[PDB]
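Remarks on the structure that follows.
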Amino acid sequence: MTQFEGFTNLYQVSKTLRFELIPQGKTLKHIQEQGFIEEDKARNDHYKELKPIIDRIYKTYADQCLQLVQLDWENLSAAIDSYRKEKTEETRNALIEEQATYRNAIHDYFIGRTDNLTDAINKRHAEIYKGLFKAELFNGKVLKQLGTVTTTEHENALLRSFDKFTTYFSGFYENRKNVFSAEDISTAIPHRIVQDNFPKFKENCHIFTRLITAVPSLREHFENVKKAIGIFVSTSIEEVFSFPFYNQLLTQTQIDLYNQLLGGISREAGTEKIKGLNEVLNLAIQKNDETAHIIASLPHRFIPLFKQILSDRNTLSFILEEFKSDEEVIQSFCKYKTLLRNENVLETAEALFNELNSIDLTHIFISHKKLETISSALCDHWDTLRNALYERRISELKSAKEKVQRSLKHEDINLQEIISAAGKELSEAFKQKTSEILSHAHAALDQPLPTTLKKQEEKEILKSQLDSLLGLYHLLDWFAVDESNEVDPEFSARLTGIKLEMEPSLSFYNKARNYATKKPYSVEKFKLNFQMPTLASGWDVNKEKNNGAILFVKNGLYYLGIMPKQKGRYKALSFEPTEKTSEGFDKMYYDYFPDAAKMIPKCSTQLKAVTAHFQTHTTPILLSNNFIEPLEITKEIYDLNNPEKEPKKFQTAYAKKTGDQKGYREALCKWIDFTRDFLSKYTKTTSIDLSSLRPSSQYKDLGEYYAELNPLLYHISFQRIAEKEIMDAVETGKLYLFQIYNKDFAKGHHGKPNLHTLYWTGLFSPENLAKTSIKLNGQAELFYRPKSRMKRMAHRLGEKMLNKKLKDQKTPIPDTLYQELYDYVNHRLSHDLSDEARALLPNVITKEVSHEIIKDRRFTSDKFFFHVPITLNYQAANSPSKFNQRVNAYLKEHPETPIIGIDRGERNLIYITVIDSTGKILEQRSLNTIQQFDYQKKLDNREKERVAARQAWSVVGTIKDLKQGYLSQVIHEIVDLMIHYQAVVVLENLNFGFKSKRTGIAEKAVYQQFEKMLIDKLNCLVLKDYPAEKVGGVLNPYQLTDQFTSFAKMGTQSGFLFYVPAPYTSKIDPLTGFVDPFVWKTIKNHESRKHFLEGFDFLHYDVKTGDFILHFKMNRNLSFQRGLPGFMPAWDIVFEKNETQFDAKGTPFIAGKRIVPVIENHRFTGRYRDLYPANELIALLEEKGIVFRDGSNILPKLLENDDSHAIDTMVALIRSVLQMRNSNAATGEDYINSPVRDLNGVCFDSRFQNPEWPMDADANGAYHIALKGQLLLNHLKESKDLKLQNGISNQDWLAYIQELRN
RNA sequence: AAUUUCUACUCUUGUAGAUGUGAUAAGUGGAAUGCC
DNA sequence: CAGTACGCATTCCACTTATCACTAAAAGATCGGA
DNA sequence: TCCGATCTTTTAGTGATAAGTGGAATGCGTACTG
């Protein structure tokens, strides 16, 4: 019993706004005179340079701590494989209990608490650990206390440059405190050694011992490869793969050497490489004997261990030298090409090429390890010469025939044999290839060195000469080097000499690649402080003196006030509040007590005076300072807050562990009375009303009281300050005044503002001031982005200037036409305009230039910036309580809820389908365009441009610009329909590796980041045209999805967003629910093809309408079926005639026209093909003599012809009909056609173009996920648990859709 | 083609939508190169 | 003539997940001056 | 030798929180070997 608008004020969210600061008057001049920006720039560079040093200290303490680790690992392995075998809830509780046990066990080594270690060094560890997270990292207290890392005088001076400024590193201190924490944190060291590395090592032990008891001879090879690599020499190989050896491999170097033994070591380029541990398994697979088969029947991957958290890698492989300037690499190439030009390489290279003609090619052999690129370069395909040689040595001779292919991949072959095998044309192809390679080499020698690298053409020409040099280097490597065969010794010696003269060119190409691909020089923003250690960290009236940040409101314009530390002192600059009738600024008066749970013992119970008084005697203590009346602290509350143990007496964890409900209730009541007493007596909160809080005994949970009490301590008021004081303060430099500014506050602001402007206005609304639904937070930052230097081009006066759109706003203009039309309208045509330029010229609109628009204006000049965090929906708790249960209760009470569906892909990025509760579709359309220009046509061009420029050593760029520029308006469209229909959105749930890989091939990362933007909008949702007081406004925003924290915590349902299982969601008939149960992997041979033939029931041609009736039952072809059938016991396949009808609008189309790509070879090559199955079968039956006009059974006439051609052709036709996808990227004709006639009496073709059915394949997929949402809703309807089912089964979904369609 | 910032624009010295910042750590995917 | 899967390593680029802060007051260093 | 103002540097800590199975989910690259 609830409403849709009731899903608000359930949990609070926090957001950060951004603004530009503009100085007013002489504040900029005083900032320039004080030199705060250069000091802050040098300070930022010193912090960036100095961060590695504190990092070194932390690394050193880390590995010095974990060198003495001594503990068992059996119990965690027992918990892990018990959870693997059982997957039961109590096993999971035992697993997480032991995981926390081991995490705190290693954490005791950092603390110094563990009983196995001696007391002196763990006391030292305790002192050092107390020393890490305080300011003694700068005076060298813990540095010399450790006393193991050297620090030169430059390092000491850099460390001394941050005197009285160690609070700058407070974020660094927290970012290391979470590294050394032990609360399951993903960047914590115990979490890494317990969760991220130990299960991998445990399963590694398991696969090693299973492989060893499978093949006992492989331990010999493992020990020899360990001895050849010479690591872990004190240990035997099965002792490495055992649990007690995980007492090592916790520091960085041991994990790196283990991973090195996994992956092997390489020298520099052109030499050998010692095989790793998995390389010998891959070679055993390559051996292809029965041991290979018994190895492959087991698994054979040893997963390398993850790198430790704060450490740095150290490899034994060769690390190439990296250039650090353009001058060094360009001069080293200058001397390298000088060596080229004075050694006279071209004469001897040409002579070496002419020895191919002077001497017979039987004395010239080839390198068989890389003959494949030779076949690619000379012939059209890489396999042609290898096949031709194989058949050629067959012809001069089945085991004897296969001896030719057995022998050909381990010996060098003369070029004359290749010429005899594949023809004479390879001789002239070889000589023209040498001619063109020497042509590129001569062009490289003719092309002079450049002067710089900034222009792209210089990188292009250096790249081109580098490809010439490397191509010559490989051309030397076609021929074999050794003289074991019958090559000419002079030929081999000459090629060897000329190839070790060209050996450093490959390494040169590698280093030029390493330097030229790096990012260009750019300048970004940095934090500003004005020599203030705690600038803008809080706006409170007590703390604004040393924080130094206050705001003003001046007739709708918001200002920032930064009063600096004048002359090294905090001048008490105060303003008297004048009356509101007097003109001037409105200074904000923040009044905040941060957290009730946090500082109610920090100001009353955990002071040093009270704890010093309390450890001697039990007499209560009276506290007078910062208390209007004295407050009494007794022993019966001090023992509660300090119970010398993890569970406090008033905490719910004590009642969970013990169960003493009465004692827990009494302790909670006493603590609650004490808290109320503190808020009564304390000087900050004595003037705050507490009458709205419930009595003591009513409460059931302490955190509930803290969540209720926290909003009461926050308050804003406002007072009026005369502007004479502000103007005089800015004039004398006592106050720096910056205006909070975006272009919504500009002069010509007409329409709707930005959204952040709307929260910024709604923060300071009087309705929000009376009751704070959203709240302003602290730690504001000031940034200074300097003057980024670009050349300026802009539309000047007296010019005519072109609009991007046409007269009709629907049709844009392509950029290639746009630049030519722009050159025309400015009368600067560098080329003659084309024919479509004539066609589209009189249909375009132009404008005269006005207001001097400049491109990249915001980056033209140096600008201040200001980032401010705010907290929304503040009256609710910090975390929701059974959000999904409330959503499912609402859906149980509202069975008439519509469902919308979103899909993701490449051809169609998104698609919209809206259904009702009964499956009738409301609305469906495309948003590949948003009625603006179709973003796909530019987005794929941007993708291919990045792909082309990444290999061309150009700038790389980003894809997120066009990505989120599509996705913002897309997100707007889905939220608009979502609120308009009050519907439930569904998105498909996919495996993480799937989305990662598909981001790998295609640069469309929307399978995860669409979900991210949809979640981070659907949790805090405001609408610009909604009134503020109504739900959906800025003070009561729409909370529809659960508060996401991580994908591990994220589940099958997050409020109104439903994830459905991925399989069988796209290629299903909506008319009756048809899919093909077979796979084509099982049918490989011919008797299996005959079995697939006989799996059908009967095959009959109805001569009345021309369709061919084929029928199947699932109790046949069980092996070919994947074990997942449809529910309907019968499936007639209407093999219809290719008869041509018209669509809804009347365009002609052929029914049953099933387009398939014609592959030229097996390797999925070739173009598309307009192929019609029914004419093919009637041609096949006429060719085979099979009578079809009889109308009787025809499958006996198919199976009486036992030739493989007939059964192969009808199985191919069955595959070409049973498919569901009919796409054509060349012409844009993609559609879906169903083979099974419905009970209405029609076969579904997507060219029906009727509104009640999907228009496309992705339309059909969105329709299916809408009905999986409907199926989950039905499962909710007959469930009383108010929870879900853990996904849904694929066969259960298919049974559901077969029941409901037919 | 003007933006806290991005995206698409120009009836409009601006328009429509979106926008949690900072720091730190780990992991992943591509390009080139050798190597097995 | 296709069928069935494919190991590693160094440089660069981009990206993606996960964690912390959402602070005023207590505590301590300190500096002039007495 | 000592004191109080002043500036910089820690600190304090609540309840809430898994849960589970299957192979497509969407476009398709070489290369040794089936």
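Here the first sequence is numbered in the working numbering, starting from 42 and rising by one per residue.
For every residue, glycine included, the Cβ atom is placed at its ideal position computed from N, Cα and C.
Residue 764 holds the alpha-carbon nearest to the alpha-carbon of residue 627 among 764, 511 and 1227. Secondary structure at residue 596: coil, using DSSP grouped into helix, strand and coil. If you draw a straight line from the Cα of residue 310 to the Cα of residue 368, it is about 25 Å long. A Cβ-Cβ contact shorter than 8 Å links residue 695 with residue 705. Residue nearest to residue 568 within the set 766, 87 and 670 is 87 (criterion: CA-CA distance). In the structure shown, the three-state DSSP call for residue 971 is coil. In this structure, DSSP gives residue 1047 a helical state, which the three-state scheme calls helix.
In chain order, 1323 place their CB closer than 6 Å to the CB of residue 926, counting only its own chain and leaving out the 5 sequence neighbours on each side. Runs of the beta strand (DSSP E) lying entirely within the stretch 775–857 and spanning at least 3 residues, in chain order: 777–782, 822–826 and 841–843. Residue 62 is bridged by DSSP to 781 and 905. DSSP places residue 300 in the helix class (H, G or I) of the three-state scheme. One Cα belongs to residue 134, the other to residue 1076, and the distance between them is close to 41 Å. If you look at residue 368, you'll find it in the alpha helix (DSSP H) that goes 367–384. With respect to the C-alpha of residue 1044, the residue from 1053, 1258, 1004 and 1162 having the closest C-alpha is 1004.
Taking 4 residues as the shortest admissible run, the stretch 464–493 contains the following complete alpha helix (DSSP H) segments, listed from N- to C-terminal end: 466–487.
Straight across, the Cα-Cα distance linking residue 513 with residue 419 is about 15 Å. In this structure the stretch 437–457 lies against the stretch 406–416, because at least three pairs of beta carbons, one per stretch, are closer than 8 Å. Beta-bridge pairing by DSSP links residue 1175 to 1150. For residue 147 against residue 110, the beta-carbon gap comes to about 7 Å, under 8 Å, which counts as contact. Here residue 496 carries a coil assignment [DSSP, helix/strand/coil]. Taking 8 Å as the upper bound for CB-CB distance, residue 1122 and residue 1147 are not in contact here, some 33 Å apart. The C-beta distance from residue 478 to residue 488 rounds to 16 Å, too long to meet the 8 Å contact threshold. Residue 516 holds the alpha-carbon nearest to the alpha-carbon of residue 473 among 498, 434, 505 and 516. Per DSSP, the beta bridge partners of residue 581 are 631. By the neighbour-count definition (other C-beta atoms within 10 Å, threshold 16), residue 997 is an exposed residue. Annotation for residue 230: 350 place their beta carbon closer than 6 Å to its own, counting only its chain and skipping 5 residues before and after. Rounded to the nearest angstrom, the gap between the Cα atoms of residue 1271 and residue 816 is 52 Å. The way I'd put it, the stretch 816–826 does touch the stretch 900–911; three or more beta-carbon pairs between them come closer than 8 Å. The stretch 1025–1040 and the stretch 968–988 do not touch, with fewer than three beta-carbon pairs separated by less than 8 Å. When only Cα atoms are considered, residue 862 and residue 836 end up about 15 Å apart. Its chain contains 546 as the residues whose beta carbon lies nearer than 6 Å to that of residue 510, once the 5 sequence neighbours on both sides are disregarded; these appear in chain order.
Within the same chain, 1152, 1234 and 1236 come within 7 Å of residue 1139 by CB-CB distance, once the 5 residues on both sides are set aside. 655 is the residue among 673, 655 and 664 whose C-alpha sits nearest the C-alpha of residue 683. Taken through DSSP and simplified to helix, strand or coil, residue 1252 comes out as helix. Three or more Cβ pairs drawn from the stretch 349–363 and the stretch 549–559 lie within less than 8 Å of each other, which places the two stretches in contact. In this structure the stretch 878–886 does not touch the stretch 800–807; the number of beta carbon pairs closer than 8 Å is below three.
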